[PDB]
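Here the structure is laid out as structure tokens; the discussion comes afterwards.
Hydrogens, waters and symmetry mates play no part in the numbers below; they use all other heavy atoms, side chains included. Just so it is clear: chains get the letters A, B, ... in the order the sequence lines come, proteins before strands, and each one is counted from 1.
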Protein chains: 4
Amino acid sequence: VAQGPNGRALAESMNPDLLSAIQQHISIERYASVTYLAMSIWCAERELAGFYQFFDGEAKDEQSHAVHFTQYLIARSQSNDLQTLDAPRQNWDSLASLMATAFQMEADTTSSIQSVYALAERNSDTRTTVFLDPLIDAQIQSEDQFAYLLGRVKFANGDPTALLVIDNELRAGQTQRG
Amino acid sequence: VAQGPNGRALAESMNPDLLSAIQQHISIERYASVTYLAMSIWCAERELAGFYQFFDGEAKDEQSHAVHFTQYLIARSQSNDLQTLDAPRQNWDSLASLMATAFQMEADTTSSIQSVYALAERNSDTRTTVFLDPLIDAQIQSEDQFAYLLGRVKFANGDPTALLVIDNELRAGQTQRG
Amino acid sequence: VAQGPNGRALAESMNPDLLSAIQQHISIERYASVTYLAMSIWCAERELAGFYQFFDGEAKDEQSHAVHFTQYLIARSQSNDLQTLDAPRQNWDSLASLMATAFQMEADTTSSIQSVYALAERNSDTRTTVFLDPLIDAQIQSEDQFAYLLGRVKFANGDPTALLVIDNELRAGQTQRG
Amino acid sequence: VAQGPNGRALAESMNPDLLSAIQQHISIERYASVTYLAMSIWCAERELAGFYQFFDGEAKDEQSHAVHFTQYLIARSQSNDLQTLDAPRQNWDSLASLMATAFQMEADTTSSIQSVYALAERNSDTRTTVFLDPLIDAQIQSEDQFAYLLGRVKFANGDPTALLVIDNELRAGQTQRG
Ligand SMILES: [Cl-]
Ligand SMILES: [Cl-]
Ligand SMILES: [Cl-]
Ligand SMILES: [Cl-]
Ligand SMILES: [Cl-]
Ligand SMILES: [Cl-]
Ligand SMILES: [Cl-]
Ligand SMILES: [Cl-]
Ligand SMILES: [Cl-]
Ligand SMILES: [Cl-]
Ligand SMILES: [Cl-]
Ligand SMILES: [Cl-]
Ligand code: NA
């Protein structure tokens with residue numbers, strides 16, 4: 001029985017380019033997490049309490065997704081390499097601009113997963129594509145949700161009354177089309 | 001004991017013009033159903049989640065009404081003839097325009113029932129007028145409900161804030177005067 | 001942030017040939033639904049109450065599958081296009097012939113999903129293959145179920161006693177090998 | 001305040017031809033009741049216990065329908081006139097022949113109600129047509145049920161095994177398409 005790079009028994013070797021891509025994706029999810037924290041703070045500073053609570057939860061959930069990936073590398077007997085984390089964006093001129101960045105961040109997270117997926121396919125790493133399948137499904141739902149929140153905020157057209165109504169929706173947990 | 005056109009024992013023959021009118025009405029209700037599905041999609045595309053949920057339920061209910069009619073033809077030992085279904089209207093410039101089409105669709109459904117009713121009276125088919133009586137009563141309530149939703153949306157006068165408030169009413173199930 | 005063809009924020013553009021294939025598949029599932037409705041009526045006309053109840057439920061379930069696809073197009077910011085629905089087949093000389101058509105309809109539904117799947121793979125649309133994976137799994141179970149019902153009816157070899165026994169099985173909800 | 005023919009206060013006089021038609025209809029329902037009793041006995045004599053239980057209940061229900069009509073005449077301050085009751089048919093060569101007579105009896109009961117209904121319409125007696133409306137609706141369901149039982153028995157094609165299976169269905173209360 002062979003030993004993998006992290007010292008555990010190795011079921012199947014992993015291509016180093018694929019390993020590097022997964023470690024980079026962990027950084028992307030950690031960066032999404034701190035970005036959602038920054039967004040939660042921006043909303044709290046403007047008394048948008050429902051948006052603050054929503055993004056606080058998204059920050060925690062994105063970190064969990066990142067840790068889920070570190071557990072996969074452990075399971076594959078591959079080394080983890082936690083990287084320097086860039087500072088997030090922290091300034092927006094409007095809630096609509098913030099929500100556009102949030103949607104972009106979610107789509108970019110999926111794009112990173114897709115790039116890992118394609119590299120796994122090139123290397124015939126079926127464990128990795130199977131591992132990623134439910135995470136892509138969750139990203140479809142998250143993209144649908146962030147398009148809903150962004151579209152509702154854009155519909156408000158900067159009216160504070162409409163934004164207070166949506167803020168109260170989010171505080172109540174009404175965050176998707178349902 | 002005589003056999004009816006669908007092969008079952010026949011309690012009382014039905015005039016072929018009346019049979020054709022009932023088969024056409026089934027098509028009208030099936031068309032109302034797919035129209036409400038189209039409306040649910042239009043609302044979902046604009047993040048009007050409460051209207052999306054309302055019309056999704058109306059689509060399912062209208063299909064049930066259609067099947068209720070197919071069961072009556074079975075009970076009368078008459079043949080069913082499921083017809084080609086036209087594609088629904090799918091484009092509107094405003095929610096107010098959509099709700100006007102929805103109200104028109106409900107009134108047109110009643111008008112079709114009324115035309116069947118009058119033909120049953122001409123043929124002295126008391127089973128059919130009795131069968132239709134509670135369906136007309138339900139249509140009165142549905143017309144009252146759709147006039148309420150259309151009138152509330154028109155009262156909003158295109159203000160997004162007002163439309164978000166009404167959208168949340170519908171998501172909560174507040175869909176009638178009560 | 002770009003806008004998709006249905007107006008919502010766009011996470012990733014979709015190839016128009018793939019979009020057309022998904023819209024066509026929605027029509028296939030809607031056609032399966034009305035076909036199962038036609039089958040439910042045919043069975044009801046012959047007092048096969050368990051088969052009537054089974055196909056009535058299959059009609060409702062197939063419509064739900066169709067709506068599930070419309071929701072995916074919404075989530076991908078793609079336009080829906082609800083199409084004209086052909087009239088279903090409505091006449092069979094025997095229950096065994098009906099069940100053969102039902103099995104064929106289920107296999108043809110899977111074949112349509114497979115064709116969408118292959119087109120998604122050609123375009124590297126991993127969101128769509130992930131979305132389709134559980135629907136293919138459900139189709140495997142449905143094909144297994146319809147092969148069971150068709151095989152049991154063929155085993156009956158046209159004996160009315162055997163068909164009454166199977167009819168009572170279906171009324172009781174005994175519709176699979178288990 | 002005027003007194004009606006039975007001595008009670010009279011809300012609205014009733015045409016004597018209509019009164020005679022209602023008294024005759026009470027006899028028809030009483031005759032249906034004793035006919036169903038005769039059928040229950042015929043089935044019991046042949047150990048068709050489920051059919052015996054079904055027709056025993058139909059006999060009791062038909063008598064209740066008859067009494068319902070006597071209560072309407074009381075409510076309209078009209079005289080009741082309970083008539084001589086003919087002896088029922090009591091001999092059949094097969095269960096299929098019995099079920100045909102049962103279906104005919106149900107259709108003939110509806111026909112009698114229809115004749116009362118038309119006479120009420122000619123006399124503009126809206127109380128009577130309103131009273132009859134739910135009874136016609138129940139007759140539609142009863143005709144549907146008796147067509148189901150007759151059709152299932154005919155499907156059996158005289159096979160004792162099939163008739164025992166249907167007999168057990170009826171004993172269990174499985175008496176309609178559902
Ligand atoms: Cl900005
Ligand atoms: Cl804004
Ligand atoms: Cl940015
Ligand atoms: Cl318009
Ligand atoms: Cl509007
Ligand atoms: Cl229109
Ligand atoms: Cl055939
Ligand atoms: Cl067969
Ligand atoms: Cl076919
Ligand atoms: Cl006889
Ligand atoms: Cl027989
Ligand atoms: Cl007779
Ligand atoms: Na049995």
Task: Test item: B:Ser77 side-chain N/O and B:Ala9 main-chain N/O as donor-acceptor pair under 3.5 Å - done: yes
Open item on the list: So does C:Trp42 get a backbone contact from the side chain of C:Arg46, meaning a donor-acceptor N/O pair under 3.5 Å?
Closed with: yes
Open item on the list: Does D:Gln139 form a side chain to side chain donor-acceptor pair (under 3.5 Å) with B:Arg127? I'd like the steps, not just the answer.
Closed with: CA-CA 9 Å; D:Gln139 284 301 120; B:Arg127 290 174 181 79; over 6 Å; no
- [ ] Apply salt bridge (charged side-chain N to carboxylate O under 4.0 Å, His left out) to the pair B:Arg8 and C:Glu47, showing each step before the final yes or no.
- [x] CA-CA 9 Å; B:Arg8 306 182 82 219; C:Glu47 326 307 335; 2.8 Å; yes
TODO: For residues D:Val165 and D:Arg152, determine if any side-chain heavy atom of one lies less than 4.5 Å from a side-chain heavy atom of the other.
DONE: no
Open item on the list: For a side chain to side chain donor-acceptor pair (under 3.5 Å) check, start with the C-alpha distance between D:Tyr117 and D:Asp133, then their side-chain angles and the critical distance, and finish with the verdict.
Closed with: CA-CA 9 Å; D:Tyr117 202 105; D:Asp133 282 334; 2.6 Å; yes
Task: side-chain contact (heavy atoms from CB on, under 4.5 Å) between D:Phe54 and D:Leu149, intermediate numbers included - done: CA-CA 11 Å; D:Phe54 174 75; D:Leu149 298 171; 3.5 Å; yes
Task: Smallest separation among heavy atoms of C:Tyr36 and C:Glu62, with atom names - done: CE1-CG, 3.4 Å
Open item on the list: Keeping D:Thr109 on the side-chain end and D:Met105 on the backbone end, is there a donor-acceptor pair under 3.5 Å?
Closed with: yes
Task: Closest non-hydrogen atom pair between C:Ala38 and C:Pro88, with its separation - done: CB-CG, 3.9 Å
Open item on the list: Please check this pair: side chain of B:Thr35 against backbone of B:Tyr31, looking for a donor-acceptor N/O pair closer than 3.5 Å.
Closed with: yes
Open item on the list: Between C:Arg30 and C:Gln83 (side chain of the first, backbone of the second, donor and acceptor by atom type, cut-off under 3.5 Å), is there such a pair?
Closed with: yes
TODO: Compute whether any side-chain donor of one residue and acceptor of the other, for B:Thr175 and B:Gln145, lie under 3.5 angstrom apart.
DONE: yes
TODO: Taking all non-hydrogen atoms of both residues into account, name the closest pair between C:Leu150 and C:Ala96 and its distance.
DONE: CD1-O, 3.9 Å
TODO: Might you confirm whether atom CD of B:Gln3 has over 12 heavy atoms from other residues, nucleotides or ligands at distances under 6.0 Å?
DONE: yes
Open item on the list: For the backbone of B:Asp86 and the side chain of C:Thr84, can you confirm whether one donor and one acceptor N or O come within less than 3.5 Å of each other?
Closed with: no
Open item on the list: Please report the interatomic distance CG(B:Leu85) to CD1(B:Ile26), rounded to the nearest 0.5 Å.
Closed with: 12.5 Å
Open item on the list: Once rounded to the nearest 0.5 Å, what's the spacing between atom CD of D:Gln53 and atom SG of D:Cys43?
Closed with: 11.0 Å
Open item on the list: I'd like to know whether CG of C:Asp137 has more than 12 heavy-atom contacts from other residues, nucleotides or ligands below 6.0 angstrom.
Closed with: yes
Open item on the list: Just verifying a value: how many Å separate B:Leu82 CG and C:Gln90 CD, rounded to the nearest 0.5 Å?
Closed with: 4.5 Å
Task: Heavy-atom donor-acceptor pair, D:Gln63 side chain to D:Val34 backbone, under 3.5 Å - done: no
Open item on the list: In this structure, is the centre-to-centre distance between the rings of C:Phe131 and C:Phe69 below 6.0 Å?
Closed with: yes
Task: Minimum heavy-atom distance between D:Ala107 and D:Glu143, given as atom pair plus value - done: CA-OE2, 3.7 Å
- [ ] Verify side-chain contact (heavy atoms from CB on, under 4.5 Å) between C:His65 and C:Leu135, making sure each step is shown before the conclusion.
- [x] CA-CA 9 Å; C:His65 298 354; C:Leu135 311 179; over 6 Å; no
Open item on the list: Rounded at 0.5 Å granularity, tell me how far CD in D:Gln114 sits from CG in B:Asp125.
Closed with: 7.5 Å
TODO: Could you check D:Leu132 against B:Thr126 for side-chain contact (heavy atoms from CB on, under 4.5 Å), going step by step and ending with a plain yes or no?
DONE: CA-CA 10 Å; D:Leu132 293 173; B:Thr126 315; over 6 Å; no
Open item on the list: A quick test of your reading: do over 12 heavy atoms of other residues, nucleotides or ligands sit less than 6.0 Å from OH of D:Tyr52?
Closed with: no
- [ ] With sequence neighbours left out, write down each residue that passes side-chain contact (heavy atoms from CB on, under 4.5 Å) with C:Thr101, or none if nothing qualifies.
- [x] C:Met39, C:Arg89, C:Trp92
Open item on the list: Check whether C:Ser115 reaches the backbone of C:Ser111 with its side chain - one donor and one acceptor, N or O, closer than 3.5 Å.
Closed with: no
Task: Enclosure of B:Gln24 CD (heavy-atom neighbours >12, cutoff 6.0 Å) - done: no
Task: Nearest atoms (heavy-atom pairs only) where B:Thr128 meets B:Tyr72 - done: OG1-OH, 2.6 Å
Task: Salt-bridge contact D:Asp56-D:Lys60 (side-chain N to carboxylate O under 4.0 Å) - done: yes
Task: Heavy-atom closest pair, residues C:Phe55 and C:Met99 - done: CZ-SD, 3.6 Å
TODO: With rounding to the nearest 0.5 Å, note down the distance linking OG in C:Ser112 to CD1 in C:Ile22.
DONE: 10.0 Å
Task: C:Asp108 and C:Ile28, any side-chain heavy atoms less than 4.5 Å apart - done: no
Task: CG-CG distance between B:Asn6 and B:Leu19, expressed to the nearest 0.5 angstrom - done: 10.0 Å
TODO: Kindly write out the residues that satisfy salt bridge (charged side-chain N to carboxylate O under 4.0 Å, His left out) with C:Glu58, not counting sequence neighbours, or none if the list is empty.
DONE: none
Open item on the list: Check whether C:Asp167 reaches the backbone of C:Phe51 with its side chain - one donor and one acceptor, N or O, closer than 3.5 Å.
Closed with: yes
- [ ] Step by step, work out the side-chain contact (heavy atoms from CB on, under 4.5 Å) result for C:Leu164 and D:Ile166.
- [x] CA-CA 8 Å; C:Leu164 290 167; D:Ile166 299 164; 4.0 Å; yes
Task: Donor-acceptor under 3.5 Å (B:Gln176 side chain, B:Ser142 main chain) - done: no
TODO: Assess the side chains of D:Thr110 and B:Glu12: does a donor N or O sit below 3.5 Å from an acceptor N or O?
DONE: no
